[PDB]
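*Asks:* Here is the sequence, then the experimental structure:
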Amino acid sequence: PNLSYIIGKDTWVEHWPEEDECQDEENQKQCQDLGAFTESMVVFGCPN
Amino acid sequence: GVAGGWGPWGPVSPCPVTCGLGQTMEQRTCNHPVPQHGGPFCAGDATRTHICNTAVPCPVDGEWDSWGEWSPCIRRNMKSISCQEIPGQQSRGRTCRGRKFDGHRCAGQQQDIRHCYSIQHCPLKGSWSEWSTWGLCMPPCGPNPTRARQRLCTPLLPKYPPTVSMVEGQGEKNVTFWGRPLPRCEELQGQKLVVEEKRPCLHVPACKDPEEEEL
Amino acid sequence: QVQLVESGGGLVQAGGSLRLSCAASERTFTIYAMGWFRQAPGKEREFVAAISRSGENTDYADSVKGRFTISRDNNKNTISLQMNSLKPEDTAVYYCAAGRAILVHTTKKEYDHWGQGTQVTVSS
Ligand SMILES: *[C@H]1O[C@H](CO[C@H]2O[C@@H](C)[C@@H](O)[C@@H](O)[C@@H]2O)[C@@H](O[C@@H]2O[C@H](CO)[C@@H](O)[C@H](O)[C@H]2NC(C)=O)[C@H](O)[C@H]1NC(C)=O
Ligand SMILES: *[C@@H]1O[C@@H](C)[C@@H](O)[C@@H](O[C@@H]2O[C@H](CO)[C@@H](O)[C@H](O)[C@H]2O)[C@@H]1O
Ligand SMILES: *[C@H]1O[C@H](CO)[C@@H](O)[C@H](O)[C@@H]1O
Ligand SMILES: *[C@H]1O[C@H](CO)[C@@H](O)[C@H](O)[C@@H]1O
Ligand SMILES: *[C@H]1O[C@H](CO)[C@@H](O)[C@H](O)[C@@H]1O
Ligand SMILES: *[C@H]1O[C@H](CO)[C@@H](O)[C@H](O)[C@@H]1O
Ligand SMILES: *[C@H]1O[C@H](CO)[C@@H](O)[C@H](O)[C@@H]1O
Ligand SMILES: *[C@H]1O[C@H](CO)[C@@H](O)[C@H](O)[C@@H]1O
Ligand SMILES: *[C@H]1O[C@H](CO)[C@@H](O)[C@H](O)[C@@H]1O
Ligand SMILES: [Mg+2]
């Protein structure tokens, strides 16, 4: 059970801001899409 | 019969507030002469008030604007679900406006997703609705106000499942119809979509400005 | 910011009198509207009396009106609570409170600064 997740070239990381940072106009649309995708992937999956 | 009088005024209060306006004060006593065995009562007030000005604006918390327009009820990386038994999703956005001077940020979700069918430009059979409730007399205060009621070609919404149960976390979704359909119906009075009628409002009262009415 | 020190509590017989005093920070004294609260055994804290920054406007709870009197000394950075005709139901820890008031004649019931308290016990 000592599995370890290693960060590499295929690994992708992006900051998801807190609620107050989302109200800034740059992170307005960013919190929309990452929130839409969160609902999207626990509902719809992939269509491939 | 001893005539009382005011003593020395004390130290002035500093300005209480860090934003906007506040009120400072000075306190005096009737302690040096003192009215004895009657007399008056020092003549005046034992308290002066004064306004202090910090000249710096105050925090104002941001408020939510009204919700935007619903996005189209389609699927990402697909096509469209118009005139079909396919429930989809659509999103809506808000904007926080008015936050100034370290005020509190808007509390709540800035996005809203709900489930949907799509009848956008869908040819649906229709039926004429009954007469709507009479509207407002328009124009108010203007010359000759008139009401208006109307019958419109209401589309027959298709008998789809209004409740669609997905798996994953077993989430059941209240699905609602989206779009402007094309309702087909027989003509009523030379019109296919909406036939209305107006009637003038009787005994119209004149508009008097409430600040002009109080004065 | 402001510190509050109560004094004058003790053990009083029923019907007796007691005068509490509350010392506040000197440089910021006339900024704050002030008042008295109490917390009895097994009960929530309750409002007793309030006084404005002026000392000219007062407010009282119905349970203590006519028996208690709140006063303010703007020469000596103190407020006082003269409690007459004390009853065993007046046994509580009495708290002095301070609260920011924009107007000098405003009495408050909400306060954000609190003292450590003084114990008043009334025996029958
Ligand atoms: C999802 O639907 C339910 C069902 O209530 C509505 O359903 C529509 C299909 C339609 O019949 C409409 O007239 C009806 O109100 C919502 O639950 C509650 O249902 C009661 C029962 O009539 C209503 O009186 C309430 O207004 C309603 N809403 C509440 C309590 O907020 C439900 O809210 C709705 N949405 C979600 C997210 O579940
Ligand atoms: C002092 O600094 C200012 C920059 C503001 O942040 C002030 O906040 C305001 O304080 C007054 C009472 O003192 C309240 O009426 C306001 O609601 C509050 O925004 C601060 O006191
Ligand atoms: C106090 O008030 C004024 C002076 O400030 C006069 O009316 C009078 O001297 C009174 O004693
Ligand atoms: C306070 O105000 C002035 C001094 O500034 C005098 O009228 C008098 O001393 C009063 O007490
Ligand atoms: C958006 O959603 C509804 C109106 O559709 C209300 O809760 C409110 O106006 C909000 O801004
Ligand atoms: C989205 O849904 C309907 C339009 O189909 C309306 O209630 C409104 O325009 C909302 O934004
Ligand atoms: C509306 O008018 C009549 C009913 O009054 C019918 O021809 C039909 O229902 C149309 O939609
Ligand atoms: C409007 O007119 C009358 C009622 O006033 C009826 O024919 C019907 O209800 C229509 O909608
Ligand atoms: C308008 O006129 C009356 C009410 O004033 C009713 O016949 C009906 O409500 C109509 O919409
Ligand atoms: Mg596949």
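*Replies:* Cool, the structure landed. Numbering: from 1, shown residues only, chains lettered A, B, ... in the order given. Ligands and ions are numbered 1, 2, ... in the order given.

*Asks:* contacts and neighbour counts: CA atoms only from here.
*Replies:* OK.

*Asks:* what about the residue of chain B found nearest ligand 7, distance to residue C:16?
*Replies:* Ligand 7 sits closest to residue B:127 of chain B, with a gap of 3.3 Å, by C-alpha to the nearest ligand atom. Look at residue B:127 and residue C:16: by C-alpha to C-alpha, to the nearest Å, they are 86 Å apart.

*Asks:* How about residue B:52?
*Replies:* The spacing between residue B:52 and residue C:16, counted by C-alpha to C-alpha, is 44 Å.

*Asks:* which of the two has more neighbours?
*Replies:* Between residue B:52 and residue C:16, counting by other C-alpha atoms under 10 Å in any protein chain shown, residue B:52 is the more crowded of the two (17 against 14).

*Asks:* For the helix or strand harbouring the more buried one, which strands pair with it and how are they oriented?
*Replies:* Per DSSP states H and E, residue B:52 falls inside strand B:47-53. If you go by DSSP bridges, strand B:47-53 pairs up with strand B:21-27 (antiparallel).

*Asks:* ok, and the closest non-adjacent residue to the residue in chain A positioned nearest to ligand 3?
*Replies:* Nearest residue of chain A to ligand 3: residue A:20, at 54.6 Å (C-alpha to the nearest ligand atom). Excluding the flanking residues, the one nearest residue A:20 by C-alpha to C-alpha, 6 or more residues apart in numbering or on different chains is residue B:105, at 5.9 Å.

*Asks:* what does residue B:56 give?
*Replies:* Take residue B:56 and drop its neighbours on the chain: the residue closest to it by C-alpha to C-alpha, 6+ apart is residue B:19, 5.4 Å away.

*Asks:* So that neighbour sits against residue B:52, correct?
*Replies:* No: using C-alpha atoms under 8 Å, residue B:19 is not in contact with residue B:52; the gap is 10.4 Å.

*Asks:* which SS class is residue A:33?
*Replies:* Per DSSP: H, G, I helix; E, B strand; the rest coil, the secondary structure class of residue A:33 is helix.

*Asks:* Tell me, how many residues neighbour it?
*Replies:* Using other C-alpha under 10 Å, residue A:33 has 14 neighbouring residues.

*Asks:* Need the contact partners of stretch C:61-78.
*Replies:* Contact partners of stretch C:61-78, identified using C-alpha atoms under 8 Å, 6 or more residues apart in numbering or on different chains, comprise B:10, B:27, C:21-26, C:29-30, C:47-51, C:54-55, C:58, C:79-85.

*Asks:* which stretches of chain A form helices?
*Replies:* Along chain A, the segments classed as helices by DSSP state H run A:19-22, A:26-41.

*Asks:* now for those helices, which one comes closest to ligand 4?
*Replies:* For ligand 4, the closest of those is helix A:19-22, at 50.8 Å, according to C-alpha to the nearest ligand atom.

*Asks:* The strand or helix carrying residue B:114 to helix A:26-41, inter-axis angle?
*Replies:* Taking DSSP H and E as the definition, residue B:114 sits inside strand B:111-118. Going by axes from the mean of the first three to the mean of the last three C-alpha atoms, to 10 degrees, strand B:111-118 is angled at 50 degrees with respect to helix A:26-41.

*Asks:* Say whether chain A is contacted by strand B:111-118.
*Replies:* Yes: remark: strand B:111-118 sits within contact range of chain A at B:111, B:113, by C-alpha under 8 Å from any C-alpha of the partner chain.

*Asks:* In that strand, which residues are buried?
*Replies:* Neighbour-count burial for strand B:111-118 flags B:111-112, B:115-118 (criterion: 16 or more other C-alpha atoms under 10 Å in any protein chain shown).

*Asks:* Would you mind naming what in chain A lies close to chain B?
*Replies:* Contacts of chain A with chain B, taken as C-alpha under 8 Å from any C-alpha, map to A:20, A:23, A:32, A:35-36, A:42-43.

*Asks:* Now, of those, which are buried?
*Replies:* Those of those that meet the buried threshold are A:23, A:32, A:35-36, A:43, by 16+ other C-alpha under 10 Å.

*Asks:* From these, pick the one nearest residue B:40.
*Replies:* Of all those, residue A:23 has the smallest distance to residue B:40: 64.3 Å, by C-alpha to C-alpha.

*Asks:* Show me which residues of chain B sit near ligand 2.
*Replies:* Contact residues (C-alpha under 6 Å from any ligand atom) of chain B with ligand 2: B:17-19, B:58-59.

*Asks:* Can you redo those residues as TSV, where the extra columns are neighbour count and distance to residue B:158?
*Replies:* Output for the residues of chain B next to ligand 2, formatted as TSV (neighbours: other C-alpha atoms under 10 Å in any protein chain shown; distance: C-alpha to C-alpha, whole Å):
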residue	neighbour count	distance to residue B:158
B:17	17	63
B:18	13	62
B:19	14	60
B:58	14	55
B:59	12	52
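
*Asks:* Show me how chain B divides into domains.
*Replies:* Per CATH domains of a matching chain, the structural domains of chain B span B:1-58, B:59-121+B:159-180, B:122-158+B:181-201.

*Asks:* residue closest to the middle of chain A?
*Replies:* Centroid-nearest residue in chain A, with C-alpha atoms, centre = their mean: residue A:34, separated by 4.9 Å.

*Asks:* circling back to that earlier point, turn the residues of chain A next to chain B into TSV, including distance to residue B:65.
*Replies:* Below are those laid out as TSV (distance: C-alpha to C-alpha, whole Å):
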residue	distance to residue B:65
A:20	16
A:23	12
A:32	16
A:35	19
A:36	20
A:42	29
A:43	29
